[PDB]
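Here's the structure we're looking at; comments come further down.
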Amino acid sequence: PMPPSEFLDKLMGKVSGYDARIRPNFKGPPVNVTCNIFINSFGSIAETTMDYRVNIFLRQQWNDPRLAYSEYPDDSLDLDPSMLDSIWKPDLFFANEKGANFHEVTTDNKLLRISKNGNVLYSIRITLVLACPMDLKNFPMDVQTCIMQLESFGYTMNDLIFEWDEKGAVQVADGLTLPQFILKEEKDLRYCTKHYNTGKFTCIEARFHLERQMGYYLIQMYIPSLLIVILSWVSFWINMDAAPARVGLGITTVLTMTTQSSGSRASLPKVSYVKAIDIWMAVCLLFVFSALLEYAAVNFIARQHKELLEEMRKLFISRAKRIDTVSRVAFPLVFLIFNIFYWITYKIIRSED
Amino acid sequence: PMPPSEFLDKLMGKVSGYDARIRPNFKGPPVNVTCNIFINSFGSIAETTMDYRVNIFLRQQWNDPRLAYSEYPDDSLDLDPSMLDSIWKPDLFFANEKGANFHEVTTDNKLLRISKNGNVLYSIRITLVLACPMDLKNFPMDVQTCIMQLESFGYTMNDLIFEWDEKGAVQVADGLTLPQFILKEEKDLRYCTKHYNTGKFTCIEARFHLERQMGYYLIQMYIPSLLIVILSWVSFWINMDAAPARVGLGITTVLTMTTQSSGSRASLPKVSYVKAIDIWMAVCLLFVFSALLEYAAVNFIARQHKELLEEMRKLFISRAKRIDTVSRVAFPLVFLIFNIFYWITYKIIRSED
Amino acid sequence: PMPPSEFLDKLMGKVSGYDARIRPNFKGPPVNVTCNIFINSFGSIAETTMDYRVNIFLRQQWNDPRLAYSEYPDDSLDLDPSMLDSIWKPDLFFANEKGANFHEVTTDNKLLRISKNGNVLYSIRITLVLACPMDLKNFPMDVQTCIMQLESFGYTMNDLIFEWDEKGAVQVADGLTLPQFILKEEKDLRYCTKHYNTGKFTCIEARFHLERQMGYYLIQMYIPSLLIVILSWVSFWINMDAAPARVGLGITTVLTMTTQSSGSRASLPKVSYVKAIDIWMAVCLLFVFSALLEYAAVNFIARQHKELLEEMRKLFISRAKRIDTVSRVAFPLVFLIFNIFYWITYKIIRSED
Amino acid sequence: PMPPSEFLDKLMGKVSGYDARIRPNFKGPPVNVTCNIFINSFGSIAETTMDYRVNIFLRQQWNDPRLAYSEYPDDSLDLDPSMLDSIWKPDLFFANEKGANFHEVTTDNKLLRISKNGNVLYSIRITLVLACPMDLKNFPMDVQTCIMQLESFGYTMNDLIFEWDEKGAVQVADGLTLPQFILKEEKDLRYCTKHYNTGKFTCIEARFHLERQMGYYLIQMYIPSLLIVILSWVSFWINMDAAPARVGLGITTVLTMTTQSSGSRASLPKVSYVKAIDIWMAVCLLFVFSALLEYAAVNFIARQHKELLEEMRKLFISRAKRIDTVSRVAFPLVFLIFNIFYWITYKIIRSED
Amino acid sequence: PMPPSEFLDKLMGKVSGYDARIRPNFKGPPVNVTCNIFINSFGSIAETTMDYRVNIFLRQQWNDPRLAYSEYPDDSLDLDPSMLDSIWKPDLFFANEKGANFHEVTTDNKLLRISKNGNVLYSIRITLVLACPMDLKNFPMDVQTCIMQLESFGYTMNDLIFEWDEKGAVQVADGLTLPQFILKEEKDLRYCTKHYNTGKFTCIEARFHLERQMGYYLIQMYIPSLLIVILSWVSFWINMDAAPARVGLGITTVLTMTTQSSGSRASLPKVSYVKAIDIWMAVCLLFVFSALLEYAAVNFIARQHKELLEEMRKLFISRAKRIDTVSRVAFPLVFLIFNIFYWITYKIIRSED
Ligand SMILES: *[C@@H]1O[C@H](CO)[C@@H](O[C@@H]2O[C@H](CO)[C@@H](O)[C@H](O)[C@H]2NC(C)=O)[C@H](O)[C@H]1NC(C)=O
Ligand SMILES: *[C@@H]1O[C@H](CO)[C@@H](O[C@@H]2O[C@H](CO)[C@@H](O)[C@H](O)[C@H]2NC(C)=O)[C@H](O)[C@H]1NC(C)=O
Ligand SMILES: *[C@@H]1O[C@H](CO)[C@@H](O[C@@H]2O[C@H](CO)[C@@H](O)[C@H](O)[C@H]2NC(C)=O)[C@H](O)[C@H]1NC(C)=O
Ligand SMILES: *[C@@H]1O[C@H](CO)[C@@H](O[C@@H]2O[C@H](CO)[C@@H](O)[C@H](O)[C@H]2NC(C)=O)[C@H](O)[C@H]1NC(C)=O
Ligand SMILES: *[C@@H]1O[C@H](CO)[C@@H](O[C@@H]2O[C@H](CO)[C@@H](O)[C@H](O)[C@H]2NC(C)=O)[C@H](O)[C@H]1NC(C)=O
């Protein structure tokens, strides 16, 4: 029954005592802010610069003793999004940020609801490039935790205290998949605090859990390396008399192992601690290098026989045959038990982390 | 007959009851928005980050009971584009966005038309970087669907409902070609809806269909691999006595197949599910590896004959000749039937998707 | 004799009837805009994303029946560049754009002149990243045409019509050279038109012509490939008895041809139609592959002779010598006539396009 | 007891004599600014463009004779962050900058405190891309110093003088680690000054110390090179009669050393002075090249014996055996004493810098 | 003695006749602007896109007949940097620009001084990405000249004329070094002019001189190539009987020369004119190719002897020995005189440019 313009002008205006630069219920208890997180599109995680791009909606609810009309017959009112510089929006920033621009397509992407009691709604979609300090102890499994710290800036703990919600904590979009990782539906959340030299500031956070969807690294690194140890066993199944071919084969296998190994760490950023992949590459490289060394020893034994050329002649030839046959038998069992030990210790550490 | 300035000042002014912060025909039925899409320049699709750049014009028409002059002798009026903060433009955003800036060259790229009844026009060219979740089950064919979701932000389903148009749905520019794909002239379109925890919001979308213009991947991957299996058949047409040359040829072919294979997946982003190209590379690699293995077996048989050096001698030589000739015959027929089976199953799946 | 401030305040002010939001000589004939283009710095053309960066000055002249003082003793007046929001600048955009920011260093880069009759001047330097749909039928020659479409946005053909100039059409900077291309001094220009669903809009364009300054591609691709066919002729001038060396040489040449070929298309964006360079690479690859095949055939003939080891013995040896000598003679003449045919068909198509 | 709005309006208003465009206690002594630095997230250092990204909080305190209410019962007051254009914030810039944008997420990231005496607080989080002129005399150790120069712009030394703090100088975040370097807890700090042609300006700086967390460069460069000298010693443990194999092995090792060496300097920017890594690569390359040269000399001696083929025959064979055995003994001791000398001179220079 | 606010309000205000939109001493002589350049941080020159990043301070002084208080006892006054839209700053732009943003960290980076006579100061730090058309006739020496053209925009030669200074022309920062180049302390400067179709505009410029600090290109390109010609001389010091090894060595050296050569031009942008480095690579490639050719000729001579196998036999063997020994002697003297001729013509052209 009353004109909409008149109601809007009177409320949050200059003819009333509403001042947008001061905290409501001044000089008393702090105001509680209830935040909810709707993840719109997770993805584009950078593993070389330790960051990821995510756009949240950041809806926050609080109560004020003012702006309580209590005269309209409905429960809540929808206000226009171009009158947000008089609603006293609270302060909120992220402790790990890079850029973090707004969204201004067609019209401003703000929202502002107001009810009879004073519980408001304020959600703004913002694209964040949050930096996460991921620890990469083992590269193939790569269990990871990503955070974000909602924290005030200029309002202490005894001035403004933030809180989470109970009906739903962190919501995700329906049908949201990632090509690198998969999202865990546990959504571990708690909150820390900050102690600077100016006062005690609140800082609420939330943790995510992302594990690697295996199958890429098996074809890029594990499958080619296997085709190299089989190549060295192929060098074991060849005639000893021929010097050119064998030598070339051993050398070529070693070179490929080095190139591959190198190229495997290119995507990864410079790190000091040895990785799981490095251990695998070193073991393979050792096997191929050992094969080459075994050939040099056999060649030397045969050469010694040639230089000294009855019973010792046959003994040397027999020794060369025996070492080659025992190397052909011994090499796949040690590699198979290394493969079994390696995958069983990494599957139990994948279950344990 | 009446002064233009006076008419402009009176309409959408402060001496009248027009308030730009409130929805027209308040507390009643919702207002319908009729949207049209003119694609100006499609292209620059990113296959490694799953996005594409497109600039639409976004013309939207709606009706209001106000701004109905009904006193000028013409049907419609052209207003200046610097008076858009009083025309109550509705809210519209895209659910998949990255950046999405405006266009401000020379003068603002807005448009605003107004007729006697109140049907307005509002088109703004905006460059969008829309993220599309493309599924790459088979890489060479790469059938793809790209979308965009027009959705309100702050107006529920019972407050503002969007709709499409009937005279033309999504228009494209005349003579618009893409180097990677080709545009399908079907333009499949329908609309979903959104259900958040704050209310029911409308969400209108449109789907495109882009198929790969084949001919690039045939020269980059298929043509070189063929020149590798012919190389292994060349190794089959060589004398068995010579150990260096053959060994080197087999090894070299295998190495090229691995390098090529690796480099072929560099453009593609990290994915878990095996691709069609990977299957082709594996089959080729297997053929060349098998050739190498066949040579090792022949070499071993010949060596056995050498170590034991009448009727068994001839039998061993005959066996070596027989295995080489049957391998030279058997290898191109298995590769030819694999090529026929591979291309016929991919052409029937290209017709089926 | 009259105060400058008073004259400025009265003209394009609120005490006069000048309204900046309305077109001059309203409800009558359209106003003609005379545009000139001064290219400041052409360059930075992107061949992988089909675009180029150019900064024009965009001076445009038009006439209005208002702003005709006719009281100062000079012909024209220079106004300050911070009073451009009251001069009714017309609308102009480009149909192919990416970014296209302004220039704001020290002071605004605008210009505004006004004469006694009303012919104004308005030039603004803007850096444009225009997208051009270049067709690359033949890569080395790469004849190209680049455009830019000046078009209004909100003013129809019967409301505002653009035109070019007659004293000079498109000016270039003195001493402007490009490292990739060279500018043609013809400057072909004409104008198209646009027909959308809202009305008939004017669209004026201009075409440039850029041809490749040859000498880069001759050293990067043509010179190394020649040094590969000479390498295969070197393999032809070697003894047939030696199996290792020859085989290795043939294989190595083939591998280099493949690597080179691959790497040559890296700069170029993904395209479907076969290029001129690809044809050259294929022909060279065929020659080297053929050489390898020729060796395998000779080796096989010699091996047959070895297995059967009087008159047929000499005949086989003679045949091996004859095939090698005829291959050594036949191979440079076919390659020389291919080189002559290839360069004469590309020089006549370079003269014809 | 007094209304908050009235107090805010009167203070830093137009009804009082507070002018925000003039320095407090004008025409007298300069005002001292006490700055503190809280490092929020150090990291993303660029070693190829000599820069690093760091976000500081920049809290600065100063005193003014105005804004001394002395009427509220508390010690300090918290003001709103949207009234900062009337508090006369001082001027501060950085002498080495690239970009250096602000932070505007949800609400402005400013802070403003005011006490009864007039000591204010003003902290703003700003992401800085500071350029540091790092000297890379030795690449593996890479001891580095990073700075930042806080300096005024428009206020001379006798007008505004900056100072540091005594209770804490430069604070770091709790649990801040870097993947490339490690932060030194000394935090060396002092201050320089500037003398331009316009006056004497103050310039306060702070220096950091970052040393390389070793373990990356040991696996990427040192470990593969060792596996190359062992490869050349493998070539020393092979029969001299065989010419193909040995030659190939020597050549292959030399080629890998060159490729590796090249690729090792790719990350590093173009520099003129020789690096420590280059010295190591050159020494290794020399050892492998020397091995190859040793083989050529032995081959030549054996060939001479072949061409001349009693007592000199045996003497030549004996000489070939003696040179090979003495090269097999002499080569690992010279490489081991080079390794000992190299690591002991670099560990004493790592302790000395 | 007079209030600072009153003086500031009266001067450059609306109660006086000062108009910021008009040139001082109107309709008379032009105003002279004295510019000085302080280079803060030179560096980050791009050799592939022909540009460089430099931040200047751009202090400019001019005189006006207005703003002459002549009532304060000091010589000059310091004004606040937030009142620059009323001081009539002149127009200045750069003819070669890319981006060229401002600097806004903490407070605006402007400066404004005003004396009793009217000589003002105005310095603004701006980061410029100036495009320079460098000519690369010889790549290792790479003598270069970089410019920047200060020019007005909207004020003709008879309206506003710019000038340089006499006490210092272009100042550099103390201790400013570059990793790629070194700065010449000559600072050649003069000024051109512009003649467009609208009038005569002033354009003042300054030229820098940057020469290459040699030592990078000697290790990346010159040192590896030498280790390739020594490798071909190693192939000359080997036994002719062995066909595999030699052939492989020749081929490998040629391949490395090609790969290296290619990779050397990767950093450089596409250019047509042959470079000095290309000439060096071609000469080296020719020497290694020639060595390979020499071997083929010797092999052919030996083969001819084998096919014909008394006095001609010895003569052929003697000829093979003579050609090998004369090639081993002749090859290092031609390469040494080429090295001497090459470095003496480039050191005299380095002294001449
Ligand atoms: C939400 O705010 C209310 C007041 O605005 C807080 O209630 C006060 O909390 C303190 C600490 O427990 C008590 O000493 C007061 O007596 C409470 N006030 C009243 C009126 O009961 C409340 O703690 C806040 N909620 C949370 C979760 O902290
Ligand atoms: C366009 O808007 C009109 C009203 O503005 C809608 O018409 C109403 O629709 C509801 C639902 O069907 C009916 O119950 C009402 O009776 C309609 N009003 C009238 C006056 O007839 C209409 O539905 C909208 N168009 C679309 C496609 O939804
Ligand atoms: C420039 O504008 C004038 C009017 O502003 C145009 O002149 C009119 O053109 C139409 C079409 O030929 C004629 O029917 C009218 O009679 C013309 N008016 C007058 C007063 O002669 C003119 O065509 C425009 N110039 C161009 C090149 O289109
Ligand atoms: C802080 O500021 C005060 C004044 O605002 C400075 O005190 C003056 O310093 C000069 C130089 O030593 C003396 O000659 C004056 O007598 C001092 N004034 C008074 C009232 O004592 C002080 O130096 C500044 N602090 C620092 C560290 O420079
Ligand atoms: C600086 O400006 C003054 C005037 O503002 C210029 O002086 C005039 O120059 C012209 C050309 O030489 C003479 O014809 C006038 O007579 C000069 N005026 C006076 C009052 O002497 C002066 O040329 C400018 N400086 C420079 C270097 O051009």
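Just remember, in the structure tokens the first chain shown is A, the second B, etc., residues are 1-based per chain, and ligands are 1-based in the order shown.
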
Per-residue nearest contacts range 71-189 of chain A to range 82-95 of chain B, cut-off 7 Å, using only C-alpha atoms, as a Markdown table:
| residue | atom | partner | partner_atom | distance |
| --- | --- | --- | --- | --- |
| A:105 | CA | B:93 | CA | 6.1 |
| A:106 | CA | B:92 | CA | 6.2 |
| A:107 | CA | B:91 | CA | 5.5 |

Convert the current residue selection to file output with N, CA and C atoms, as a compact mmCIF listing (two decimals), in the first residue's frame.
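Written output follows (selection36.txt):
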# COMPACT_ATOMS: atom_id res chain seq x y z
N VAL A 105 29.69 -8.31 -15.63
CA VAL A 105 29.20 -8.58 -16.97
C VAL A 105 27.72 -8.22 -16.99
N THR A 106 27.36 -7.31 -17.91
CA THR A 106 26.04 -6.73 -18.20
C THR A 106 25.64 -5.77 -17.08
N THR A 107 25.52 -6.32 -15.87
CA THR A 107 25.19 -5.63 -14.63
C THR A 107 26.05 -6.20 -13.52

Contact residues (chain E, partner chain B, 12 Å, only C-alpha atoms) as number ranges by chain = E: 244-245, 248

Those residues you just picked out, can you put them in a file as an mmCIF file, in the first residue's frame with C-alpha atoms?
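This went into out.cif:
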data_model
loop_
_atom_site.group_PDB
_atom_site.id
_atom_site.type_symbol
_atom_site.label_atom_id
_atom_site.label_comp_id
_atom_site.auth_asym_id
_atom_site.auth_seq_id
_atom_site.Cartn_x
_atom_site.Cartn_y
_atom_site.Cartn_z
ATOM 1 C CA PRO E 244 81.381 -48.502 -39.984
ATOM 2 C CA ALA E 245 83.044 -46.254 -37.358
ATOM 3 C CA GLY E 248 79.099 -42.958 -38.312
#

Write as a short mmCIF file (atom, residue, chain, number, x, y, z; two decimals) with C-alpha atoms, in the first residue's frame the residues around ligand 2, taking 6 Å as the cut-off and counting only C-alpha atoms and all ligand atoms.
data_model
loop_
_atom_site.label_atom_id
_atom_site.label_comp_id
_atom_site.auth_asym_id
_atom_site.auth_seq_id
_atom_site.Cartn_x
_atom_site.Cartn_y
_atom_site.Cartn_z
CA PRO B 29 3.48 -11.02 -12.90
CA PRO B 30 7.12 -11.36 -13.99
CA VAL B 31 8.54 -9.60 -17.03
CA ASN B 32 9.60 -11.73 -19.99
#

key: Residues near residue 253 in chain D, cut-off 9 Å, only C-alpha atoms, skip fewer than 4 positions along chain, as a PyMOL selection string   = (chain A and resi 251) or (chain D and resi 228-229+231-232+248-249+257-258+285+288-289)

task = Could you give me the residues within range 105-343 of chain D that DSSP places in strand (DSSP E), as JSON, numbers by chain?
result = {"D": [105, 107, 108, 113, 114, 115, 120, 121, 126, 127, 128, 129, 130, 131, 144, 145, 146, 147, 148, 149, 150, 151, 160, 161, 162, 163, 170, 171, 172, 181, 182, 183, 191, 192, 193, 194, 195, 200, 201, 202, 203, 204, 205, 206, 207, 208, 209, 210, 211, 212]}

Selection within 12 Å of ligand 4 by only C-alpha atoms and all ligand atoms, output as a list in words = residues 24, 25, 26, 27, 28, 29, 30, 31, 32, 33, 34, 62, 63, 64, 65, 157, 158, 159, 160, 161, 162, 163, 164, 165, 166 and 202 of chain D

Expected file contents, prior selection, N, CA, C and O atoms, as a CSV table (one decimal), in the first residue's frame:
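What landed in selection05.csv:
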chain,number,residue,atom,x,y,z
D,24,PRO,N,51.0,18.5,8.4
D,24,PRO,CA,50.8,19.0,9.8
D,24,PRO,C,52.0,19.7,10.3
D,24,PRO,O,53.1,19.4,9.8
D,25,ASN,N,51.8,20.5,11.3
D,25,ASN,CA,52.8,21.4,12.0
D,25,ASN,C,53.7,22.1,10.9
D,25,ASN,O,54.9,22.0,10.9
D,26,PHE,N,53.0,22.7,10.0
D,26,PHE,CA,53.6,23.4,8.8
D,26,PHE,C,54.6,24.5,9.2
D,26,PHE,O,54.6,25.1,10.3
D,27,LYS,N,55.6,24.6,8.3
D,27,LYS,CA,56.7,25.5,8.4
D,27,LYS,C,57.6,25.3,9.7
D,27,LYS,O,58.1,26.2,10.3
D,28,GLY,N,57.7,24.0,10.1
D,28,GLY,CA,58.5,23.7,11.3
D,28,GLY,C,59.3,22.5,11.1
D,28,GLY,O,60.0,22.3,10.1
D,29,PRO,N,59.3,21.6,12.1
D,29,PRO,CA,60.1,20.4,12.0
D,29,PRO,C,59.4,19.3,11.1
D,29,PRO,O,58.2,19.4,11.0
D,30,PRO,N,60.1,18.4,10.6
D,30,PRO,CA,59.5,17.3,9.8
D,30,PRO,C,58.8,16.3,10.7
D,30,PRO,O,59.0,16.2,11.9
D,31,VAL,N,57.9,15.5,10.1
D,31,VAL,CA,57.1,14.5,10.8
D,31,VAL,C,57.8,13.2,10.5
D,31,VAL,O,58.2,12.9,9.4
D,32,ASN,N,57.9,12.4,11.6
D,32,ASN,CA,58.6,11.1,11.5
D,32,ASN,C,57.6,10.0,11.3
D,32,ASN,O,56.6,9.9,11.9
D,33,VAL,N,57.9,9.1,10.3
D,33,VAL,CA,57.0,8.0,10.0
D,33,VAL,C,57.7,6.7,10.4
D,33,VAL,O,58.9,6.4,10.0
D,34,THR,N,57.0,5.9,11.2
D,34,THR,CA,57.6,4.6,11.7
D,34,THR,C,56.9,3.5,10.9
D,34,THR,O,55.7,3.2,11.1
D,62,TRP,N,52.5,7.9,12.4
D,62,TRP,CA,53.1,9.2,12.5
D,62,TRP,C,52.2,10.0,13.4
D,62,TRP,O,51.1,9.5,13.8
D,63,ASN,N,52.6,11.2,13.8
D,63,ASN,CA,51.9,12.0,14.8
D,63,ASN,C,51.7,13.4,14.2
D,63,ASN,O,52.5,13.9,13.5
D,64,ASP,N,50.5,13.9,14.5
D,64,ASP,CA,50.0,15.2,14.1
D,64,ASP,C,49.5,16.0,15.2
D,64,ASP,O,49.0,15.4,16.2
D,65,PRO,N,49.7,17.4,15.2
D,65,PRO,CA,49.2,18.1,16.4
D,65,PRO,C,47.6,18.3,16.3
D,65,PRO,O,47.0,18.6,17.4
D,157,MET,N,64.1,15.9,2.4
D,157,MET,CA,64.7,15.4,3.7
D,157,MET,C,64.4,16.4,4.8
D,157,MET,O,64.2,16.0,6.0
D,158,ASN,N,64.3,17.7,4.5
D,158,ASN,CA,64.0,18.7,5.5
D,158,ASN,C,62.5,19.0,5.6
D,158,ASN,O,62.1,20.0,6.2
D,159,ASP,N,61.7,18.1,5.0
D,159,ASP,CA,60.2,18.3,4.9
D,159,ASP,C,59.5,17.0,5.5
D,159,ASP,O,58.5,17.2,6.2
D,160,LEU,N,60.1,15.8,5.2
D,160,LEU,CA,59.5,14.6,5.6
D,160,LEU,C,60.6,13.6,5.7
D,160,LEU,O,61.2,13.3,4.6
D,161,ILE,N,60.9,13.0,6.9
D,161,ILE,CA,62.0,12.0,7.0
D,161,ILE,C,61.4,10.7,7.6
D,161,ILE,O,60.7,10.7,8.6
D,162,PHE,N,61.6,9.6,6.9
D,162,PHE,CA,61.1,8.3,7.3
D,162,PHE,C,62.1,7.6,8.2
D,162,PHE,O,63.3,7.9,8.2
D,163,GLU,N,61.6,6.7,9.0
D,163,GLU,CA,62.4,6.0,10.0
D,163,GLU,C,61.8,4.5,10.1
D,163,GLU,O,60.7,4.3,9.7
D,164,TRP,N,62.6,3.7,10.7
D,164,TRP,CA,62.2,2.3,11.0
D,164,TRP,C,61.6,2.2,12.4
D,164,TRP,O,61.4,3.2,13.0
D,165,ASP,N,61.4,1.0,12.8
D,165,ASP,CA,60.9,0.7,14.2
D,165,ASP,C,61.9,0.0,15.0
D,165,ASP,O,62.9,-0.5,14.5
D,166,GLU,N,61.7,-0.1,16.3
D,166,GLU,CA,62.7,-0.8,17.2
D,166,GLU,C,62.1,-2.0,17.8
D,166,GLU,O,62.9,-3.0,18.0
D,202,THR,N,64.7,11.3,1.2
D,202,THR,CA,65.0,10.1,2.0
D,202,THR,C,64.6,8.8,1.3
D,202,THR,O,63.7,8.8,0.5

ask   = If you run DSSP on this backbone, which residues of range 174-327 of chain D come out as alpha helix (DSSP H), and could you give them as a count of residues only?
value = 86

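We find CA of residue 330 in chain D and CA of residue 309 in chain A to be spaced 28.7 Å apart.
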
inquiry  = Taking 4 positions as the minimum chain separation for residues in the same chain, which residues sit within 9 Å of residue 79 in chain E when counting only C-alpha atoms? Answer as a VMD selection string.
reply    = (chain D and resid 21 to 22 154) or (chain E and resid 8 83 111 to 114)

Write a file of the just-selected residues containing N, CA, C and O atoms, as a compact mmCIF listing (two decimals), in the first residue's frame.
# COMPACT_ATOMS: atom_id res chain seq x y z
N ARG D 21 45.10 18.75 2.39
CA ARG D 21 46.14 18.97 1.39
C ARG D 21 47.41 19.59 1.97
O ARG D 21 48.34 19.85 1.20
N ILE D 22 47.49 19.83 3.28
CA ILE D 22 48.69 20.43 3.84
C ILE D 22 49.28 19.55 4.94
O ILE D 22 48.57 18.85 5.67
N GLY D 154 58.20 13.75 -3.54
CA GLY D 154 57.69 15.11 -3.47
C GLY D 154 57.93 15.80 -2.14
O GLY D 154 57.60 16.99 -2.01
N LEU E 8 45.88 28.65 -0.97
CA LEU E 8 45.64 27.56 -1.92
C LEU E 8 44.29 27.74 -2.59
O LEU E 8 44.14 27.41 -3.77
N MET E 83 45.94 17.86 -6.75
CA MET E 83 45.39 19.07 -7.36
C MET E 83 46.08 19.35 -8.69
O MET E 83 46.53 20.47 -8.97
N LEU E 111 54.34 15.03 -8.95
CA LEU E 111 55.12 16.04 -8.26
C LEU E 111 54.74 17.38 -8.88
O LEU E 111 54.57 17.47 -10.10
N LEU E 112 54.61 18.41 -8.05
CA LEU E 112 54.27 19.73 -8.57
C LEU E 112 54.88 20.82 -7.69
O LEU E 112 54.49 20.96 -6.52
N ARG E 113 55.82 21.57 -8.24
CA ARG E 113 56.48 22.68 -7.56
C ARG E 113 56.12 23.98 -8.26
O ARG E 113 55.83 23.99 -9.45
N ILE E 114 56.09 25.07 -7.50
CA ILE E 114 55.73 26.38 -8.04
C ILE E 114 56.54 27.46 -7.32
O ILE E 114 56.59 27.50 -6.09

task = May I have the residues within 12 Å of residue 222 in chain B as a VMD selection string, using only C-alpha atoms and disregarding those fewer than 5 positions away in the same chain?
result = chain B and resid 140 214 to 217 227 to 229 257 260 to 261 264 277 to 278 280 to 281 284 339 343

Write the selection just made, keeping N, CA and C atoms, as a short mmCIF file (atom, residue, chain, number, x, y, z; two decimals), in the first residue's frame?
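Output below, filename selection.cif:
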data_model
loop_
_atom_site.label_atom_id
_atom_site.label_comp_id
_atom_site.auth_asym_id
_atom_site.auth_seq_id
_atom_site.Cartn_x
_atom_site.Cartn_y
_atom_site.Cartn_z
N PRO B 140 41.23 -38.12 -32.71
CA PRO B 140 41.12 -37.58 -34.08
C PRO B 140 39.75 -37.04 -34.50
N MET B 214 39.34 -32.95 -40.38
CA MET B 214 40.47 -33.87 -40.51
C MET B 214 41.39 -33.51 -41.67
N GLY B 215 42.67 -33.88 -41.49
CA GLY B 215 43.73 -33.62 -42.44
C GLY B 215 45.02 -33.14 -41.79
N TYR B 216 44.94 -32.63 -40.55
CA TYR B 216 46.13 -32.20 -39.84
C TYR B 216 46.82 -33.39 -39.18
N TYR B 217 46.04 -34.13 -38.38
CA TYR B 217 46.47 -35.29 -37.61
C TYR B 217 46.90 -36.46 -38.48
N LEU B 227 55.47 -44.68 -42.14
CA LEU B 227 56.84 -44.70 -42.66
C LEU B 227 57.83 -45.39 -41.70
N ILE B 228 57.32 -45.93 -40.59
CA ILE B 228 58.09 -46.62 -39.58
C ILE B 228 57.83 -48.11 -39.69
N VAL B 229 56.57 -48.46 -39.96
CA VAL B 229 56.28 -49.87 -40.19
C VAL B 229 56.86 -50.30 -41.54
N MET B 257 59.39 -44.27 -32.69
CA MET B 257 57.99 -44.51 -32.36
C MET B 257 57.71 -43.97 -30.96
N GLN B 260 57.97 -39.90 -31.03
CA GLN B 260 56.78 -39.44 -31.74
C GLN B 260 55.55 -39.53 -30.84
N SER B 261 55.31 -40.75 -30.31
CA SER B 261 54.18 -41.05 -29.43
C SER B 261 54.11 -40.01 -28.32
N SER B 264 53.19 -36.47 -29.30
CA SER B 264 51.84 -36.41 -29.84
C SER B 264 50.82 -36.01 -28.77
N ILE B 277 44.31 -42.25 -30.20
CA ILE B 277 45.66 -42.07 -30.73
C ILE B 277 46.63 -42.96 -29.97
N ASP B 278 46.44 -43.06 -28.64
CA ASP B 278 47.32 -43.89 -27.83
C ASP B 278 47.23 -45.34 -28.28
N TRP B 280 46.45 -46.44 -31.26
CA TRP B 280 47.14 -46.56 -32.55
C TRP B 280 48.65 -46.62 -32.36
N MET B 281 49.17 -45.75 -31.48
CA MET B 281 50.60 -45.71 -31.21
C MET B 281 51.06 -47.02 -30.59
N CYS B 284 51.23 -49.80 -33.25
CA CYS B 284 52.38 -49.63 -34.14
C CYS B 284 53.66 -50.03 -33.40
N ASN B 339 44.47 -52.00 -39.85
CA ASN B 339 44.14 -50.69 -40.41
C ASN B 339 42.69 -50.65 -40.88
N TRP B 343 39.97 -48.29 -38.95
CA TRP B 343 39.23 -47.23 -39.63
C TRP B 343 37.76 -47.58 -39.82
#
